[PDB]
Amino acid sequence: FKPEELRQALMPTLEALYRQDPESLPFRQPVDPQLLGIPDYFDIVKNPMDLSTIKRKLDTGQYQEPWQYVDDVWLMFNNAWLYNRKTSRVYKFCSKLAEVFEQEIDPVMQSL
């Protein structure tokens, strides 16, 4: 896969996530535990991930294969479901994005 081919193919799946508003808002920048006053965040989440990081990796051609992109998107979701309680808005927004991602990534992976 050329990185331009991955970027062209996968960027619309990422755009679909950013289009979810307000559901994407907590995911658009890395969690900042100082600002949010949650010093245990990095005790629980050892490999942080967010949309800005994924976007940067796509933009710069850091993914060799599409599964690596998919793995990072799932890492972001898994981190949020891990840290946050299921009653929280952030966990529910995570679930909403995951549903959108599933629906958009499926045909794309098949094309590829």
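Rigid core: the largest C-alpha set superposing within 1.5 Å between the two forms. In this text, residue numbers run from 1 along the sequence as written.
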| query | finding |
| --- | --- |
| More shifted region, core-based fit in 8 other deposited structures of this protein, 34-42 vs 49-57 by CA | 34-42 |
| Which of 92-100 and 7-15 has higher mean CA B factor, as the PDB entry lists it | 7-15 |
| Higher-scoring stretch by recorded Cα B factor average, 29-37 or 50-58 | 29-37 |
| Chain third (lowest, middle, highest) by recorded CA B-factor, residue given as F77 | lowest |
| Assigned third (lowest, middle, highest) for the C-alpha B factor of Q64 | highest |
